[PDB]
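One chain comes next, on its own, written as structure tokens: the form deposited in one PDB entry.
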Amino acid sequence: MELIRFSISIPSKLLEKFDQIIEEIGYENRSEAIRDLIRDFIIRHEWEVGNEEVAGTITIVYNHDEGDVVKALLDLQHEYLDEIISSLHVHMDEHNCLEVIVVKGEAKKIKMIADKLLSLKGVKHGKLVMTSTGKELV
């Protein structure tokens, strides 16, 4: 383990706004929030360049009674058995379901999976969260 200490210069008003927000959010200090910003930045780069394994989640909301969205979702998901780990489903109301799919594999592959799922007519709301397996982060 090795910690490297270095200095940086940030516009004073920008920094003031930052400190105000991170406190409200719940961060204990500025260094923790900035390290998080850097981890986030590195993860985004991981999804842009390379073939390294990444992980993500795809959250969707739909009316299971409308059209063939239910059958369409299953067929798409079963087409990617290697990338999709599992999914959590919550019955919102009589007709609406919330589903979150956990995926792990190559970035391009996962982005295509999200494109297919989210572009479904029956999917009303949806979002892909790009994160990490944590292996390459500390």
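By rigid core we mean the largest C-alpha set that fits within 1.5 Å across both forms. Don't overthink the numbering: it's just position in the shown sequence, from 1.
Engineer: Which wins on mean Cα temperature factor, 35 to 43 or 59 to 67?
Structural biologist: The stretch with the larger average C-alpha B-factor is 59 to 67.
Engineer: Highest Cα B-factor in the PDB entry belongs to which of 49, 113, 84, 73?
Structural biologist: Among 49, 113, 84, 73, the highest C-alpha B-factor in the entry belongs to 49.
Engineer: Can you tell me which third, lowest, middle or highest, the CA B-factor of residue 100 falls into for its chain?
Structural biologist: Lowest third of the chain for residue 100's C-alpha B-factor.
Engineer: C-alpha B factor of residue 109, ranked within the chain: lowest, middle or highest third?
Structural biologist: As the PDB entry reports it, the C-alpha B-factor of residue 109 lands in the middle third of its chain.
Engineer: Is the Cα B-factor recorded for residue 131 in the lowest, middle or highest third of its chain?
Structural biologist: For residue 131, whose C-alpha B-factor we compare with every modelled residue in the chain, the answer is the lowest third.
Engineer: Sorting the chain's modelled residues by C-alpha B-factor, tell me whether residue 25 ends up in the lowest, middle or highest third.
Structural biologist: Within its chain, residue 25 is a highest-third residue by C-alpha B-factor, going by the deposited values.
Engineer: Mind checking which third residue 120 falls in for C-alpha B-factor across the chain?
Structural biologist: For residue 120, whose C-alpha B-factor we compare with every modelled residue in the chain, the answer is the highest third.
What follows is about the form deposited in another entry, which we do not show.
Engineer: Report the residue, chosen from 112, 37, 98, 72, for which the CA moves 2 Å or more between this form and the one not shown after the rigid core is overlaid.
Structural biologist: Just 37.
Engineer: Taking the shown form as the reference, report whether the CA atoms of residue 105 and residue 38 lie closer or farther apart in the other form; the distance changes by 3 angstroms or more.
Structural biologist: Here the pair is closer than in the other form; there, farther apart.
Engineer: Can you tell whether residue 26 sits closer to or farther from residue 88 in the other form than it does here, judged by CA atoms, where the change is 3 Å or more?
Structural biologist: Note: Cα gap between residue 26 and residue 88 widens in the other form.
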